[PDB]
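# Kindly generate the corresponding structure for this input.
(chains A and B)
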Protein chains: 2
Amino acid sequence: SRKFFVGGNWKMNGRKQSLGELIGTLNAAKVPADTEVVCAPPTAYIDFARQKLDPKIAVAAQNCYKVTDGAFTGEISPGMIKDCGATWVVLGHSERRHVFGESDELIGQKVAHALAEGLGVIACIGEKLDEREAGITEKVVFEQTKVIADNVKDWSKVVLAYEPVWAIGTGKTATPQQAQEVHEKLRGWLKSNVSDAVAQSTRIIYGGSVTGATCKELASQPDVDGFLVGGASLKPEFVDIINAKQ
Amino acid sequence: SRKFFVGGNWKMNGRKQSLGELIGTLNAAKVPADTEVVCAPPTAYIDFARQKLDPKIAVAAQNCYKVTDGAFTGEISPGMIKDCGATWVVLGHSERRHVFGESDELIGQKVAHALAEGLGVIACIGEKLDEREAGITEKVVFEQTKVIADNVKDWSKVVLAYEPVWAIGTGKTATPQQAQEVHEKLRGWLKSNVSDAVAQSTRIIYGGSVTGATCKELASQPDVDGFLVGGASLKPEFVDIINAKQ
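Numbering: from 1, shown residues only, chains lettered A, B, ... in the order given. See the structure here:
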């Protein structure tokens, strides 16, 4: 049994007014004892969000760089994230890979550094539509997962998030069975490439479309251990998703 | 007369404690009249710094993206920057261009968006060593400045910062005469391609190595209107540089 994990990625949305209201709503929510909840605010608001959020909810940064301090204008380090009271960082998000061209190697180095500095890591992988239709879903997600694994010595504070990028605004959508299919393959890769123990214990969360209407069936899939939620994470709907297994 | 402008780019350095100390020292400093001082904290600390800094000192973000909200995990918008009480953003910094591969096109789009949203912009340009040695300093900085300028509709909100990347961490050093040479070329470019008014009124600040021992000679150069200070901005030496015209 792996502990249910629900992360909310606020992306680049919100201001203090709107996010304060959202945080009020989340603070009022009775968070299930068996569910681990994490919110990832825009970078300018990590501090603000951590101050306002009840400690029952953890805060994540949406990205970080790979050294503790340096001449990297516009970046932040795991040390700063921890200093702001956040305990997680999202790494390798599809938007960072594809819009900002972050390489597997760079993401791997970020993972190693974030873990070494005491953060938990939500490490994201996922294939694009062209890749899925060319039939290389496995080649792609396995290679992304491998580079992440090459940089994980301890999987205790790692959560893998599968993003079906092929279903983001493409005209295709993933069924719960298709999500389950990839999650199972990913877990199989962990078994065959790392260990049975790591495969059994590592949360693989779903980063596809999830809403109040769909969260229950997705959460029931045997290899789906939770969610990295997009737009719904900014709405009272997020609470329904937190309640997915209740 | 152009108002002397001193910016401190903290880059990816510091934590609440050390930055709190830096801020205390800055608050206690006597800033000369007619000197505009701006500090650019790491993104996680924009909010923190603005809360702690005397209102006499403005806060800048070190980067932003080109739309107001959106699916850009890890980015922030001019709207968020303003919401945290900051009034400037640094754009096109050498580290953004050369470590994170930000294109001129992207930088131009960011400048346009930040200005449309009512932020001030510190727009950075500068040539690398291989460019300097190839004798194409003017070609490079002129092309960078052109993209910036094509995306400016009100120069009263812009400061241009020349970074001699060729001298920074290469082992080469820039003299006051070399800085002045480039600044005069840039002002002449503004005069020829934008207007006489804009050339006369626009601050062009020097973003190369500056110490307490070099700042007065640099600030005495006719076309040098201040500094974008790097590492020294974290130290008491910054106050000396603020007083370069004194």
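# Show me the strands in chain A, by range?
For chain A, applying DSSP state E gives strands covering A:4-9, A:35-40, A:58-61, A:88-91, A:120-125, A:158-162, A:204-206, A:226-229.
# Outside of the last one itself, list whatever touches it.
When contacts are defined by CB atoms under 8 Å, 6 or more residues apart in numbering or on different chains, strand A:226-229 is touched by residues A:4-9, A:35-36, A:90, A:122, A:124, A:159, A:161, A:163, A:203, A:205-207, A:210, A:215, A:218-219, A:238, A:241, A:244. All C-beta spots, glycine's among them, are computed from the backbone N, C-alpha and C.
# For the residue of chain A positioned farthest from its centre, list the residues it contacts.
Largest separation from the mean C-alpha position in chain A: residue A:71, at 27.6 Å (CA atoms, centre = their mean). Residue A:71 makes contact with B:11-12, B:95, B:169, B:230-231, according to CB under 8 Å, 6+ apart.
# nearest to residue B:149, of the strands of chain A?
Minimum separation from residue B:149 across the strands of chain A (CB to CB) falls at strand A:58-61, 34.8 Å.
# With only the CA atoms kept, save the closest one in CSV.
Taking C-alpha atoms only, strand A:58-61 is exported to CSV below (Å, rounded to 0.1, in the frame of the first residue of the first chain):
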residue,chain,number,x,y,z
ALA,A,58,2.8,21.0,2.2
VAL,A,59,4.2,23.6,-0.2
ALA,A,60,6.2,22.8,-3.4
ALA,A,61,8.3,25.0,-5.7
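# on contacts alone, who are the packing partners of the longest helix anywhere in chain A?
Identified as the longest helix of chain A according to DSSP state H is helix A:176-193. For helix A:176-193, the packing partners by 3 or more CB pairs under 8 Å, 6 or more residues apart in numbering or on different chains; DSSP states H and E come out as helix A:137-149, strand A:158-162, helix A:196-201, strand A:204-206, helix A:215-219.
# Just checking the distance from stretch A:14-27 to the centre of its chain.
Offset of stretch A:14-27 from its chain centre (CA atoms, centre = their mean, to the nearest Å): 20 Å.
# nearest spatial neighbour of residue A:152, skipping sequence neighbours?
Leaving aside its sequence neighbours, residue A:152 sits nearest to residue A:158 (CB to CB, 6 or more residues apart in numbering or on different chains; 5.6 Å).
# That neighbour pairs with what?
residue A:121 (DSSP bridges).
# Just confirm it contacts residue A:120, I think it does.
Yes: shown here, residue A:158 and residue A:120 form a contact pair, counting by CB atoms under 8 Å, at 7.2 Å.
# And these two? Which one has more around it.
Remark: of residue A:158 and residue A:120, residue A:158 carries more neighbours, 22 against 18, as counted by other CB atoms under 10 Å in any protein chain shown.
# For that one, give me its contacts.
With CB under 8 Å, 6+ apart, residue A:158 has these contacts: A:111, A:115, A:120-121, A:123, A:152, A:202.
# circling back: now for the contacts of residue A:71, which pair is the farthest apart?
Once CB to CB is applied, the contacts of residue A:71 give B:12 and B:169 as the farthest pair, at 15.2 Å.
# Neighbour count: the two, which is higher?
Taking neighbours as other CB under 10 Å, residue B:12 and residue B:169 compare with residue B:12 leading, 24 against 11.
# Hmm, that one is touching residue A:72, no?
Yes: counting by CB under 8 Å, residue A:72 is a contact partner of residue B:12 at 4.3 Å.
# anything in contact with each of these two?
residue A:65.
# For the closest residue to residue A:8 other than its chain neighbours, give its distance to chain B.
Of all residues beyond its chain neighbours, the one nearest residue A:8 is residue A:233 (2.9 Å), with distances taken as CB to CB, 6+ apart. Using CB to the nearest CB, to the nearest Å, residue A:233 is found at 12 Å from chain B.
# Name the nearest residue to residue A:178, sequence neighbours excluded.
residue A:164 (7.5 Å).
# With distance to residue B:176 added, can I get the strands of chain A in a markdown table?
Formatted as a markdown table, those follow (distance: least, CB to CB, whole Å):
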| stretch | distance to residue B:176 |
| --- | --- |
| strand A:4-9 | 49 |
| strand A:35-40 | 47 |
| strand A:58-61 | 41 |
| strand A:88-91 | 43 |
| strand A:120-125 | 47 |
| strand A:158-162 | 52 |
| strand A:204-206 | 57 |
| strand A:226-229 | 53 |
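# angle of the longest helix of chain A against strand A:120-125?
Using axes from the mean of the first three to the mean of the last three CA atoms, to 10 degrees, the inter-axis angle of helix A:176-193 relative to strand A:120-125 is 110 degrees.
# ok, back up a step: residues touching the residue nearest to residue A:178, list them.
Going by CB under 8 Å, 6+ apart, the list of residues near residue A:164 reads A:126-127, A:174, A:178-179, A:182, A:207-208.
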